[PDB]
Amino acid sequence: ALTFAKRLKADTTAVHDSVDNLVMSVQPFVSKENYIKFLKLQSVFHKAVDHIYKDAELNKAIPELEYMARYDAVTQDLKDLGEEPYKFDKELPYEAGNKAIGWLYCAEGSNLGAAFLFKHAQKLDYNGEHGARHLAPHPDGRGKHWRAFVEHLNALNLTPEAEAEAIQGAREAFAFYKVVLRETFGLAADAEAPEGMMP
């Protein structure tokens, strides 16, 4: 692939689809109880990247980055559902450097692709003002926002060597998402969606 952002996508599409499949297999919308499990999982992931969204160096390369964070929104969704802020039971990742750029790609891309989840949350009467605030589209549009973000990512002009570390970071962010999902939904370590399932 000819660009950093495209290489990130290429190298992480298989694991991304494993995440999509696993999230859907545990039935996040089957009940309020399961949706709360989903919100807990989302809380941990978005907390884990909070310090990256606020990173001073990255905010100088990517204007207004700190404001793209969704942790506050997920935490308000929890409140809406009658829950207090959720705290992970285990130590949370606090990644840095090139690898942290990969975590940032993973988190920011998750908003890009949150339309399907937002659609299904709406069936439960949860919308951008109550219960599904964290899934609502960027006010400028999901795509407009992502393409801009994508420009800034490519413009970091990471050397190929630093790109490798960033891509490894993205692999690790996806893997952590599934570790959290499993602990949260009561699955075994390394549990996956039924084999052969397609997003």
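In case it trips you up, residue 1 is the first one in the sequence shown, and so on.
Higher average CA B factor: 52 to 60, of the stretches 37 to 45 and 52 to 60. For the pair 173 to 181 and 187 to 195, the mean Cα B-factor is higher in 187 to 195. Of the candidates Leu104, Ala121, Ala73, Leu81, the deposited coordinates give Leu81 the top C-alpha B factor. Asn157: CA B factor in the highest third of modelled residues in this chain (values from the PDB entry). In the PDB entry, a CA B factor belonging to the middle third of its chain's modelled residues is recorded for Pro93. In the deposited entry, the Cα temperature factor of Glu108 places it in the lowest third of its chain's modelled residues. In the PDB entry, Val150 places in the highest third of its chain by CA B-factor.
Remark: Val26 belongs to the lowest third of its chain, ranked by C-alpha B-factor as recorded.
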